[PDB]
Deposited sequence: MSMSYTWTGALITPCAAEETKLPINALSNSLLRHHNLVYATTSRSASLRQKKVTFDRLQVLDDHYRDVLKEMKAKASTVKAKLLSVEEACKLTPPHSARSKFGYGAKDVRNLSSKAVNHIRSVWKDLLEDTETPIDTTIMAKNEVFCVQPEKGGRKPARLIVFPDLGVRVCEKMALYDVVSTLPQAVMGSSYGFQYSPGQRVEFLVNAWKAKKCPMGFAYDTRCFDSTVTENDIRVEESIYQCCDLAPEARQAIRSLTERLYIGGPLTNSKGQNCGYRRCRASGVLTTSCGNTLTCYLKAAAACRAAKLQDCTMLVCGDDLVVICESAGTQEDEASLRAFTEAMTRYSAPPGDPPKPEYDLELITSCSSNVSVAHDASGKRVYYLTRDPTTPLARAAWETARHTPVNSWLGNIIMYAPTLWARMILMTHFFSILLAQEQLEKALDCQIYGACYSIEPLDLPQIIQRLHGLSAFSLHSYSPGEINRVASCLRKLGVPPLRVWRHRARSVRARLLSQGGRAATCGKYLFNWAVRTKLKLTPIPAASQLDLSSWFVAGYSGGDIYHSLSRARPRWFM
């Protein structure tokens, strides 16, 4: 079937949408084999060990982001979080309807996503806007009731150590380094699927449900999962922001609770089956949605090239063709997975420390957009948290934003940021404790950065018109001095985040209060498009 069908009614604002529509619109041809069936049975056997809880209306309401799109039925995210009678009554009727109606397609809104990318006129032109498909607020709360515990627990139970979202950036690095070191002669590659969401078939969605159905579930949760699969997950009609009929979808919706979980399970299933078809030796996989990384035993240069073509042919049959053809790599640092690469630095005692980094162009351009205009989500804050050990996040992002927060006297004001797909409300004064917990004390003492990493950062600053690193060192010293003068958590920000800036670097002992932070919900699962929210506690 066609991934999408269109009426011709425009994807309306809340211009490049038409270019995206052409790429994502195609008929899918899927052919399954015994490798696929074997991997599926193995995945199902692991899913069989899961017991999932039905969330109450209240618990599901508490997970709703405060700025989540309002319902077309006379209530918004604030009403949901406050447990308002109107919101609650509507949620209970949406739920009752899921239990009673097993067939009627549920309506979804289609929107062009507004994302900031860097204006590079050297290697090509402007990329089209991504498309977001999501159901009404009442349906989104019901999804949580039936599937929040499933999407949070099942991927790890099924995929084990291959499930990427259970790891913090440091644990992701440790996984990859250990996998690389475990091989006699390692070879690794990233597999990029062309428009993954559009490659997801109705059968892929039902196979995914077959995995969810292996959980121990309450009868209502079981019915709701069955109804949500047929009425929403498999496809349904598309409505633009103006309320007009845009067409229809027969592929993955990017804005449903099961997007991340479903994409991870589907990518894993297809990739593990393709590994067997290609006869890749001693495979270690790391999957994050449609992002796949494979580390295996090299069979020789020519053999490795042949095995990747074979892997690609199998992924193509399974309806996961490549965007860019995969390339074998013989250094771990050369693999870009989740837009990131492994790099190494030294701690205060000269000991080797592996960390995750990336090209800083997009993070800096988005930070520049956020500094210029008020935004709902602060990507700069997410990049500080995720890339805390990096030269660019420490010297540029921390320095720039802490000088702004000092000037605005907003150090204690909680800000919303995304941690892989979920929304977290974080006070910037909590950054030293968060960083210590996710990356370790060494994140504040790292030095001896690689020449390639230093050069990538420096060239990027030049290209974007950002002052050089020496200017940032000078700015951090003033920022640090002012933070120190304030005491408490503000002084900790100065002492810990800006220890790299000082002439004579300070000792740095663990932050006593860091252990108190409740990071239990943090690196459990991916919730991209899942409409998930949390406020940082203790």
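- Several segments of the deposited sequence are absent from the coordinates, namely 1, 16-43, 568-574.
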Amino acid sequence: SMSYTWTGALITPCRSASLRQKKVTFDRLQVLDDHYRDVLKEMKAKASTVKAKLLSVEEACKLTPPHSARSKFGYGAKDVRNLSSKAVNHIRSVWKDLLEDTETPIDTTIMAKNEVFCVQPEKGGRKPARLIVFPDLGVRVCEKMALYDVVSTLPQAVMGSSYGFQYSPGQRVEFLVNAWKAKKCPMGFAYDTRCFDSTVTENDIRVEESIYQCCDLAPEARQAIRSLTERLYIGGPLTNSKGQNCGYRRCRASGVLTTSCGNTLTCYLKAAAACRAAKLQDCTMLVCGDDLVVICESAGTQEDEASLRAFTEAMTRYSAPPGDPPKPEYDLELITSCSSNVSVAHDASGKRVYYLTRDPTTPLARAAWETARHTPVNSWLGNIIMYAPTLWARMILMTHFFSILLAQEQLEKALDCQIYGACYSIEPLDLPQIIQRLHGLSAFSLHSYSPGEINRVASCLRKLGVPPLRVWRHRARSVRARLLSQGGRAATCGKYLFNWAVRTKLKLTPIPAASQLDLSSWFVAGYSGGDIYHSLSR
From here on, numbers count along this sequence of modelled residues.
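Here, rigid core means the biggest group of C-alpha atoms that superpose within 1.5 Å across both forms.
- Superposing each structure in 8 other deposited structures of this protein on the rigid core shows that the farther-lying of 417-425 and 381-389, by root-mean-square Cα distance, is 417-425.
- Taking the PDB entry as given, 109-117 carries the higher mean Cα B factor of the two stretches 109-117 and 226-234.
- Between the stretches 398-406 and 283-291, it is 283-291 that shows the larger average CA temperature factor.
- Of the candidates 336, 168, 383, 162, the deposited coordinates give 336 the top C-alpha B factor.
- The PDB entry assigns the greatest CA B-factor among 254, 390, 85, 104 to 85.
- For residue 498, the recorded CA B-factor ranks within the lowest third of the chain. Only modelled residues enter the ranking.
- Ranked within its chain, residue 75 lands in the highest third, by CA B factor from the PDB record.
- Residue 247: CA B factor lies in the middle third for its chain, per the PDB record.
- Ranked by C-alpha B-factor against the other modelled residues of its chain, residue 372 falls in the highest third.
- In this PDB entry, residue 38 carries a Cα temperature factor that places it within the middle third of its chain's modelled residues.
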